[PDB]
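> Please find the sequence and an experimentally derived structure below.
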2 protein chains.
Amino acid sequence: XXXXXXXXXXXXXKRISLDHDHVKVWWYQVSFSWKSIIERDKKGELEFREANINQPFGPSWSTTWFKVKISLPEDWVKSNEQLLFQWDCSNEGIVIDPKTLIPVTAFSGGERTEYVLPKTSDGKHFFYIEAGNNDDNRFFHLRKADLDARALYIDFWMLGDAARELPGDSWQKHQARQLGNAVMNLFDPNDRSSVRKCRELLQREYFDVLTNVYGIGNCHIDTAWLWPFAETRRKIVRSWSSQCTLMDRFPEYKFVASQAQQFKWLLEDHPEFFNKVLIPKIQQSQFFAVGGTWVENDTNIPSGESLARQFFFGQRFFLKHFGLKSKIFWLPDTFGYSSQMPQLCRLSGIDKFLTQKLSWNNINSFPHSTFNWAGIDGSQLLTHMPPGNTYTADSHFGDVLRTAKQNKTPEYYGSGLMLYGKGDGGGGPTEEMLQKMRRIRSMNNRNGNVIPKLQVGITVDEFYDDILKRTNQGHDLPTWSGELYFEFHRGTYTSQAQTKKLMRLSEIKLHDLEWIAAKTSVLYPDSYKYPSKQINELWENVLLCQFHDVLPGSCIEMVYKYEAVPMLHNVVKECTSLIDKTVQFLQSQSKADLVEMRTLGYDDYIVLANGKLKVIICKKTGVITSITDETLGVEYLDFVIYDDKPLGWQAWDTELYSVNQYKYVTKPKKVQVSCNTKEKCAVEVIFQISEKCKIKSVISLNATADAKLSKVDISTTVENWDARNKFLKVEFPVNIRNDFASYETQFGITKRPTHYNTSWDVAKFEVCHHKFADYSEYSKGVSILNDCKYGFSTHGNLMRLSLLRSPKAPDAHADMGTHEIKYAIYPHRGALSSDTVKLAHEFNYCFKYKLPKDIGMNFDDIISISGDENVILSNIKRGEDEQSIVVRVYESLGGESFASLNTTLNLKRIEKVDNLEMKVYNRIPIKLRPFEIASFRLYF
Amino acid sequence: XXXXXXXXXXXXXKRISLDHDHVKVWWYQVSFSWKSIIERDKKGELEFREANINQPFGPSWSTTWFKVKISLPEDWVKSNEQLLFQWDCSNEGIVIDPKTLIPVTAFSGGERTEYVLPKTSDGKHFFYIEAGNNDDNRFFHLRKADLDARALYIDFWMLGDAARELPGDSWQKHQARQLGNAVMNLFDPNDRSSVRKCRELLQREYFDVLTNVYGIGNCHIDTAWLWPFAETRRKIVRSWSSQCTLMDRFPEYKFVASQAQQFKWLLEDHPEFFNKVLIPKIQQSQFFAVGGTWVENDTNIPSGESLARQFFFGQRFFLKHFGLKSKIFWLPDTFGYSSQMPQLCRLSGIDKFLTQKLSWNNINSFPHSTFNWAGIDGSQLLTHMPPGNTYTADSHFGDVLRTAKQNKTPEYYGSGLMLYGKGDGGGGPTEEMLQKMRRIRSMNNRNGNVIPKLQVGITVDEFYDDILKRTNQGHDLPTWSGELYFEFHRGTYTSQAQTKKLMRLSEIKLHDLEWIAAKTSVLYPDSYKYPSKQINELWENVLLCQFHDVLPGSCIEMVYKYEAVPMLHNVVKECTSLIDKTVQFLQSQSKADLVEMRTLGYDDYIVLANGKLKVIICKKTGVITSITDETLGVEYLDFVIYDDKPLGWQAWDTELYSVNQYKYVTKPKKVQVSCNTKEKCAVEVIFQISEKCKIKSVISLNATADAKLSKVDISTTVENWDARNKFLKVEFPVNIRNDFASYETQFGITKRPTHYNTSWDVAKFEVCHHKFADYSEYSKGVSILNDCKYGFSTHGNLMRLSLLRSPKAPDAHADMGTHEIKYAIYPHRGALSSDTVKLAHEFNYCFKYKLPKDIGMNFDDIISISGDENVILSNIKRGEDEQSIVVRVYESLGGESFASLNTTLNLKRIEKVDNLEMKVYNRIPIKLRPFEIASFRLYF
C-alpha cells in the first residue's frame, strides 16, 4: 500500500556546510565561578591549554571548561549563511560569550541544540563553556549554512509524521501521503533550485465546531535530586537563558515557574545585569509565576506552617519589583493532596489548582478531567487537570497530531490542555523550533474560526476567563470529597525513617520557638522582642529540604548525606542554641521553672497490676493475647505482632512478590524486666529471626489516678543487618467490625473507609498519616499513636504501622544501620473520643528543664478567654515589616459540632486575616464552622 | 451514564391543533382521467357521494377518488395558523385542487406527507385525490396549527440523533448531550412561552482542512415494474409536482432525471399549462437532465443500435425548448457495464459516468471510489462512483451525521458524494424538510471556510470543475480494464427465456429493415424512399420494454403478460407486415429472388459418415464421447451433457444449496433418427428424469465441400412440468488447458480469464454473453454458438450454457410451459479463428423467400470497395430531418492487428460522425485502431 515507501524514504536519505577550525581553541579543567575564571584566563599560562581535538575523560565530580575563539570566515559570503556551533550536552554546565561578561546562555537543553552567532556585529568574540561530569565527552565543531532548505526538511519531517497519526480512513491521510509524494520528487536528485521551489509548491498544497488547542512551555526543576543543589543551582540559570534568546527569535511564547525562590537564586548569582533583565521580561508579557510559592512539596507529611511560609515568604518577592502572577496552583510531581487545600487556596488569593496524577477516566461519580474540587470543609476549588498523558505529552514534542487525539478524550470543556517541557531532570528544555511548530500546525489547518484554532501564545489567565463563560456557575458539578487516590508510589515515604526522625524533630523544634518568642515582647524593649530577622533566616534553610522529591528521601547517595548534614542538623543545633540563649535574660524571673506550652506486677503469673487496663503477652509465644476493658467490656485476641515481608521493587513504587509468606518474628523468647518501680515499668521480651538480628521495642506508660497518664508508649530500636530488600511492619489487629477509619489529616480529621475504592489497582493498600489513626463507632475503638513513621494500612481492620523499608534502588544507605522508632496503643471510649485526638498529635514534645538565679515570680497564664476543646491552635507568629503578629486556629473535631468561638485578647484589637497574612476586613467569628481554619492578626 | 436518559425521553413524551370537518366531504370509486371526472362532478348525482368517515376497502385494480371541500374557519385567528391536510399514502394516485383545473400536486411521497393550503387567497376551494389499490385505507383529517414550535421539535430530534452518531470520545458528544439537556428542561412542563424562548437559547448554544459535503435530490423511476406502465405514468407526474411546490418553499434545490422520455410523458399527459412550467424551471436553475437518454437499460444483452437510438432520440428534446444538461451518465440499477462505454461516452458529448455497484474498497490495484475508466479500446472515461452505501444512503434521510462518516472512507478526492432520494418504487420522494436539514447542519458546523462547508445546492457541473483543478490531468491513474465484477444478481437474466426469444427475434427484426430501406431511395422518388416517420414510431414502442428491470424479465405477473402482449409481438407483426409491403413495389424487378444481407451414416456402428469431423454418442449412455479432429489431432472425452441443479433463492440473485448433487439426465435411452438424406441428418436420443418430463434437443449440420457448412446446429425443445425451483444447464467440457476465455462483447471482443478475480465472493460464477464464447491458444480450441440464452459459465474449462431457470419469486409463469432453445458447437483452428467469430453472431438470420411477376434484373451488389474481414458493420441508418444517412462500423478482431480502412462510397461524399449523429469535422480514417467503433455520415 506504499506505506513504507513514502514514510521511511525521504525521511532518511548556501546549503548546510561543515567547516573545521582546529586552532584558537582552548580547554580547561578543575580537578581541585565564571567571574573567577575570567581573571585566570589572559594572565600567564594556566591550566587553560590548546585542545583542537576531541577530549576523552573519566568519572569525576569535576567540571571541564572550554574556550573557542572564532574568526569570521571571509566577509560577505559566509555571513549570509547561518552561523552555528554544535556541542554535545554533558550532565551540566554553562555557556558564555562574555565581554567582559555581559551574557549568560542556555546549556541544559537536550543533547541536540543550537547556538546562534550574532550577524549584527562583525568581528571576533570569545566562548566560555563548562561541562559537568558524572564520563561524557563533548563533540565540538563549527557549523555554517540554508534556513529555507532546512525549513523544508523539518516541515516535511513533521508532515509525514502527521500523516501516520491521522486516521487512514480519512482522506487527509491519503492527502498527506500525496503531499509527501510530490515533495520527494524534486528532493531526491540533489537540486538546490528544485528544493527551494518545491518548498513553495508544498505551501500551495497546504493552504487552499468551536474548539481550542493551546500549550505553555514550562520547566519543572527539582532543587535536590540525584544531582545536588549547588550543581542544580547552575542548572536553573540555563532555564532562563533559553527563554531570553527565544524571545527575540519568537514572540508570544509563554513560560511559567513553580518556584518563587527561583527568582532569588538568579538574583543572588547574577545580581548586576540580570536584575534588569527580568523587569521588561516579566512585566510586559510571556512570563507568569504560578502560585507564588517558595517550595514545591508533599503536603501530607508537614504541618500547615510549612504551607503558610511558602505562600507568605514567596509573596515577599511581590514587595520587590515583580508581581505579574496567575491563579493556578501547580504540584505535578507531588504525591497526594491535602483536604485543606480548597480552604488554603481561596484565602491565599489563588483560585485554581493543577494535578497530574490521582485521577481516572470513566463514570466514577465523576465526569472528566476538568474538575471543581469541594473539600470536606465545604469550600469549593476550581482546578484544571491534565489528561492521563500527564506532563510528558508535550515534553520534547515534534510529533504534532500524535497526542492531540488522546488529549481530547479525557477532557470535554470547549478546549484541551497541553503542558510543554520535561519535568524530569536538572531542569526542562524549551525547543527553539516551537515557532515553526505553531506555524506548520497553522499550515495543515486553515485560519479564521470554524475548526479548532491553534494558538500557543494564550495565557492561563485568559483560559480561566473562558471557563467562567461557557460552563455554568454551578451547583451540581463534578464532585470528589477529600483527597484523590491512584497509584501513589509511596516508596521512600516510609523508607529511611532516619531522615524523617531528624526532620520531624526539627519540624516541631522550629515550630516551637515561634510564638512564645513574641511573648517576651514586654520584658526588654528595643524593637520589643522577637527574632524577626533571625527566625526568617531559619525558615530559609529548612524549607530547602522540604521539597516533594527531597523530603521523603528518594534521591542519590550523595545528596542523601547532605540531608543528614548540618542542613537538617544545624537547624536543631541553632534552635537549641537560641532556646538556651533567650532563656538567660528571660527565665531569670524563675527560681525553678517547668517549661511546657499549653493553654489551661509479676512475671510467672504474667501481669502488670494496675486499675486502668490490662495488656498481656502469653508465655513463650511473644504475642500479646488479651487487651480488655472491664468497664467497656471489649476483649481483644489477635496485639503488637511484628511482621516482615520482602520488597522486589525500586524506590518509586512498592511491589511485593506474588503470594509471599510474611515471616513472623516469633521465636524461643526469654522474659525480662527493665526496672522496678510504681513510677517506671518496662517488661522486656526478645525477638529474633533468621540471620540473627536484634529487634527491640520498649514498653512505657503511666498507671492512673504513682504514675499518671491514659496512654502507653512503645518505642522500637532496631539495628539492621544482613538481608536487604525487606519491609518491616507491626500489626495491631482490633478484632472489631467497622466500615470507617478515623484518621487525622493536616489541619483536621478526614473520614476514610476500611476498604479502598472499587477502582483501585495496586494490591497493597497503605495510607500516609501524621500522628494517629483510629477506628470508632463512637462508643469505643482503638487508637494508635506513632512517631517517625508516617505510613500505615487498613487490612480489614488490622492496624499495621511501617517501621522501616529497604528499596532495591541504587542507594546503599537505605539498607543497614540502626534506627530509633516510637509508637503507641490507646484505649478508646465515647467520652475519651475527643481525648484520644488531643493526646496524640503533640505528644512529640520533649521535656526540658533549666534554672537561673532567683528574682521574680514565674507563674503567668497569659491566654484570654477561649477554652475550646474541639479546636486546636497550630500556629501563631509575627509579620515581616509594626511587627504585627498573626493567630491561626483550626477545629480538631468537625463534621458534627459547630464550635462557638469566643477567642479574643486584651489591651489590643484583632481582625480576621487569611493564610497569606493579608488584611481582611469579615471580623472575628463568634462561631467556627466544622473543619474550618480560623486565622487572625494582632495589631498594637 | 445517562445515555438513555437524554436520548429516549424528550424524543417521545398557536401550537398544533386538530379540527374535524365531517360534512362537505365526497368520495368516489371506479369499479369499471382528471379531465373526464370534472364534467361528471357537478352534474346530477353520480357515484360521487358523502363519506365523512373512514372508508375501508378490499383488493382491487380500481382507483378511488376523494373530494374534500373545505371552508376556512373564522377569519384571522386560524389564518395565521399553518393549514394542513394529512393523507394516508396508498399504492398510487394523484392530488389536485383544480380551478377549473390549473394545478397538479404530488402524492407518491411516503406515507407521511404534508399538503399546504394557500394563505394568499381567502375563500373556498376544492380537492381531488385518487387512491390506487393493490387494500390500503386512507386516514384523512384537517390539521391546523406553530411553525416555530414544530421547528424546535424537529431540530431537537435531529440533534439527539446526531449526538449518537458523533464519537463518544469527542467533546461534541458530551456537548450535544448537554444541548439535549437544557432543551428538555423548559420543554417538559408544557409551556409555550418557554418552548419559543428555549428555541432561541438553543441557537445561541449552536453558533458560538478543506472539504465539501453535498448532495442532489433525485428520483429514479422504473417505467415497468411490479406496477405497470399505465399506472406508473400517473406516478411520474407526482415526481415533478413535489419539486414545483418545493421551489417556492426552498431555493437552490437540485433535481436530476435519468429519463429524457420523462419530458414527453409529461408533455403528452399535460400539454397545456405544464409545457410552460418546465421552461422557467429547467432553463434558470435547479434542474438537470442526466445523459439525455431515452431509456435506462442493461447494456450487455442488446446491440449498440439500442444504445444509439436512446442518445439520438433522447437528443430530440434538445431541438425543442430544452437543453440545460450535465456530463454525467447515470445507470444505478443497471447490472453490469459494457467495455465500449468509454468510447460511446466521449462521442456522445458526455464525459462523466456514475456506477452504483460493481466496486470494492481495498488495494485492488485500484485506489478508491473516484475512478478514471480506461476501456479495452484505449480511450479514457472519468467517472464518479458513489460509496458502498449506494443510493440508499441519503434516501429518506433525517439521520444527518450518520452516513457522513461512512461516506468519507471509500472516497478521497477533496470531497464526498451523496445521492438523495429512493430508487426503489414507483418513484422516489423528495422531502420538504430538506430546507431545515441544510440549515440545521449549518447550525452544528460554523460558517466561512475552514472546516468542511455544507451546501446541497451545488451542481455536478461545478463539481466536475473542481476535479479538473485539484487532481492532475494524469497518466498513471486508477485503472481497471474491461468491465467490473461484483455480485451481479444475474437471476432472471437466464430465467424466462421466452421473453428473450421474442425480444431477440424482434431485436434483429427491427434491426433488419433499417438500412436496406434506404437502398430503395432511387427506385420510386417522393422523399425518395425510407420509413423515416414510420420506423421512428417503431423504435418508440420497442425501447419501452428494453429497460434494465423490464428486459431480463424480473417483475410481477401482470406486466409480464404485457411483455408477451402485442407490445413485443405487434412489433414483429408490424415489421413482417412492412417487409411484405415494401417488397411489392420493389422486388417486382426480381423473377426469383433469394434475399440475404451481406457484402461479398449408421446406427449400430454409431457413425454419421462425412469428411469434416466426427462426433459420437456412446450406446445406452446418452453422453457424447469422442469429438476429434484428424488434421488437428485433438481428441475430446467428457460432450453436450445436460445438467439439472435446483435453486433456493429469489429472482434477484442466484443461490444454490450447499453441496447439492446436480442430477444427470442420463437414463435408459433409446436410439432413433429423424430423416434420411445427405442434405438432412438428425439422430434422435431420448433423455428422461424423475417425475417424467420430455427434454428434447435436435441435431442439425451441413457436411462439407450434398450439404455445406462448417458448424453444427443443436436446438433444444423442452416442455417443463411438475418440480419447480430448478436450474437447467448443458455442459460442453473441452478437456483442454487455457487461462483465457475468448468472448465477444457488445461491439468487440473482451478478454477474460478462466478464473474469476481473487476478490470474488459468491461461489457460483456465471457470465452473460451475446452469442458465442471460445477458448483459444490461437492454434486451436472450441467455439460454442447459442440462441435465446445470454448466460454461460467457466468451470475450469467446461463450457456450460443455461437453458432455463425457475426462481422462487412470486411469479408463476417462470415455472412451467414449453420452451424452444437453440445452440451450437464448432471446431476451431488458427486459420478458422477469425471464421468462428464471423459464423457466430448473425447466424440468427431467418431464411425467407418470395416472388412477384417478372420484369427486370435482380442482381446488384452495391457496396463500394471496403472488404475487411476483421471489421463488421452493425448499423447504418438515416437521420431525423435532407434525410442524410449514417454509417457505423466496428472492428471484430482487435488487440493485435491494425485494420486498414479503405471504406468509402461513390456519387456522394462522406464525413466521420459520432454516435449522436452529430457532424464532426477528423475525416474518414484510412486505418482503424484495434477495438474501435467507426461511425460515418452520408450526404447528397
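Sure, I can see it. Residues are numbered from 1 along each chain as shown, chains lettered A, B, ... in the order given.

> which residue does the stretch 351-500 of chain A bring closest to chain B?
With CB to the nearest CB as the measure, residue A:450 is the residue of the stretch 351-500 of chain A nearest to chain B, at 3.3 Å. Every C-beta, even on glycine, is put in place using the N, C-alpha and C of the backbone.

> I'd like to know how far that residue sits from residue B:518.
The gap separating residue A:450 from residue B:518 is 64 Å, by CB to CB, to the nearest Å.

> How about residue A:485?
96 Å.

> Give me the most central residue, chain A.
Centroid check for chain A by CA atoms, centre = their mean gives residue A:548 as the closest residue, at 2.5 Å.

> who's in contact with that residue?
A:222, A:296, A:297, A:298, A:331, A:333, A:334, A:335 (CB atoms under 8 Å, 6 or more residues apart in numbering or on different chains).

> Count the neighbours of the nearest residue to residue A:798 once chain neighbours are set aside for me.
Excluding its sequence neighbours, the residue lying closest to residue A:798 (CB to CB, 6 or more residues apart in numbering or on different chains) is residue A:733, at 4.0 Å. Using other CB atoms under 10 Å in any protein chain shown, residue A:733 is surrounded by 18 other residues.

> just to revisit the earlier point, so the residue of the stretch 351-500 of chain A closest to chain B sits right up against residue B:454, yeah?
No. Residue A:450 is not in contact with residue B:454 according to CB atoms under 8 Å; the separation is 11.5 Å.

> hey, what's in contact with both of the two?
With CB under 8 Å, 6+ apart as the test, residue A:450 and residue B:454 both reach residue B:445.

> Which residues does residue A:419 form beta bridges with?
Residue A:419 has these beta-bridge partners by DSSP bridges: residue A:216.

> from what I can see it touches residue A:220, true?
No. With contacts counted by CB under 8 Å, residue A:419 stays clear of residue A:220, the gap being 9.0 Å.

> Please identify every residue contacting each of the two.
With CB under 8 Å, 6+ apart as the test, residue A:419 and residue A:220 both reach A:332, A:391.

> Can you tell me which residues in chain A are near chain B?
Residues of chain A lying close to chain B (CB under 8 Å from any CB of the partner chain) are A:1, A:169-172, A:174-175, A:208-211, A:363, A:368, A:408-409, A:411-414, A:444-451.

> give the contact list for residue A:16.
By CB under 8 Å, 6+ apart, the neighbours of residue A:16 are A:143, A:145, A:149, A:150.

> Tell me which entries of the residues you listed lie within helices.
A:149, A:150 (DSSP state H).

> Which two among the contacts of residue A:16 are spaced furthest apart?
A:143 and A:149 (14.0 Å; CB to CB).

> any idea which element residue A:732 lies in?
strand A:726-733 (DSSP states H and E).

> same check, this time on residue A:436
Using DSSP H and E, the element containing residue A:436 is helix A:434-444.

> List the buried residues in that helix.
Residues of helix A:434-444 classed as buried by neighbour count (16 or more other CB atoms under 10 Å in any protein chain shown): A:434, A:435, A:436, A:437, A:438, A:440, A:441, A:443, A:444.

> what's the offset of it from the middle of its chain?
Relative to the chain's own centre, helix A:434-444 is displaced by 34 Å; criterion: CA atoms, centre = their mean, to the nearest Å.

> and the helix or strand following that helix, which strands flank it?
As assigned by DSSP H and E, the chain's next helix or strand after helix A:434-444 is strand A:453-454. Using DSSP bridges, strand A:453-454 pairs in its sheet with strand A:212-213 (parallel).

> which residues sit against the partner strand?
A:404, A:407, A:414, A:415, A:416, A:418, A:452, A:453, A:454, A:455, A:458, A:466.

> now these as CSV including neighbour count?
Putting the contacts of strand A:212-213 into CSV (neighbours: other CB atoms under 10 Å in any protein chain shown) gives the following:
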residue, neighbour count
A:404, 19
A:407, 22
A:414, 18
A:415, 22
A:416, 25
A:418, 21
A:452, 20
A:453, 19
A:454, 20
A:455, 14
A:458, 17
A:466, 14
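
> Considering only the stretch 801-940 of chain A, name the residue that lies closest to chain B.
residue A:895 (30.6 Å).

> For that residue, what are phi and psi?
Main-chain dihedrals, residue A:895, degrees, to the nearest 10: phi 110, psi -10.

> I figured it was touching residue A:931, is that so?
Yes. Using CB under 8 Å, residue A:895 makes contact with residue A:931 at a distance of 6.4 Å.

> And the two? Which one has more around it.
Neighbour tally, residue A:895 and residue A:931, criterion other CB under 10 Å: the higher count belongs to residue A:931, 24 against 13.

> Could I get the CA-only coordinates of stretch A:933-940 as PDB?
C-alpha atoms of stretch A:933-940 as PDB (Å, rounded to 0.1, in the frame of the first residue of the first chain):
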ATOM      1  CA  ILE A 933      -9.200  27.100  59.600                       C
ATOM      2  CA  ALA A 934      -9.500  30.400  61.600                       C
ATOM      3  CA  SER A 935      -6.600  32.800  61.100                       C
ATOM      4  CA  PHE A 936      -6.400  36.200  62.700                       C
ATOM      5  CA  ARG A 937      -3.900  39.100  63.000                       C
ATOM      6  CA  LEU A 938      -3.000  41.200  66.000                       C
ATOM      7  CA  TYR A 939      -2.100  44.900  66.000                       C
ATOM      8  CA  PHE A 940      -1.000  47.400  68.600                       C
END
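
> I would like the residues contacting the helix or strand that residue A:935 is a member of, please.
Following DSSP H and E, one finds residue A:935 within strand A:933-939. Residues outside strand A:933-939 that contact it (CB under 8 Å, 6+ apart): A:304, A:340, A:343-344, A:347, A:377, A:747, A:871, A:879, A:884-891, A:901, A:903, A:905, A:908-915, A:917, A:919, A:924-925, A:928.

> Name every sheet partner of that strand and say whether each one runs parallel or antiparallel.
strand A:885-891 (antiparallel), strand A:909-912 (antiparallel).

> What residues sit buried inside it?
Neighbour-count burial for strand A:933-939 [16+ other CB under 10 Å]: A:933, A:934, A:935, A:936, A:937, A:938.

> would you turn the residues you listed into CSV with distance to residue B:810?
CSV is the format used below for the buried residues of strand A:933-939 (distance: CB to CB, whole Å):
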residue, distance to residue B:810
A:933, 84
A:934, 88
A:935, 89
A:936, 94
A:937, 95
A:938, 100
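
> wait, which of those is closest to residue B:179?
When those are compared against residue B:179 (criterion: CB to CB), the nearest one is residue A:933, at 40.8 Å.

> For that closest one, give the beta-bridge partners.
Beta-bridge partners of residue A:933, counted by DSSP bridges, are residue A:890.

> And for residue A:95?
Beta-bridge pairing of residue A:95 under DSSP bridges involves residue A:105, residue A:129.

> That one reaches residue A:113, doesn't it?
No. Contact criterion CB under 8 Å: residue A:95 and residue A:113 do not qualify, at 9.6 Å.

> Now for those two: what residues contact both?
By CB under 8 Å, 6+ apart, the residues touching both residue A:95 and residue A:113 are residue A:87.

> and the closest residue to residue A:400 other than its chain neighbours, which of the three is it?
Using CB to CB, 6+ apart and skipping the chain neighbours, the partner closest in space to residue A:400 is residue A:162 (4.7 Å). Under DSSP: H, G, I helix; E, B strand; the rest coil, residue A:162 falls in the helix class.

> what residues are up against residue A:162?
Taking CB under 8 Å, 6+ apart, one finds A:176, A:400, A:401, A:444 in contact with residue A:162.

> Can you flag the buried ones in the residues of chain A next to chain B?
When neighbours are counted using 16+ other CB under 10 Å, those contain these buried positions: A:170-172, A:174-175, A:209, A:211, A:368, A:408-409, A:411-414, A:444-446, A:450-451.

> helix or strand for the residue in the stretch 701-850 of chain A positioned nearest to chain B, which one?
When scored by CB to the nearest CB, the stretch 701-850 of chain A has residue A:759 as its residue closest to chain B, at 15.3 Å. Residue A:759 is part of no helix or strand, with elements assigned from DSSP H and E.
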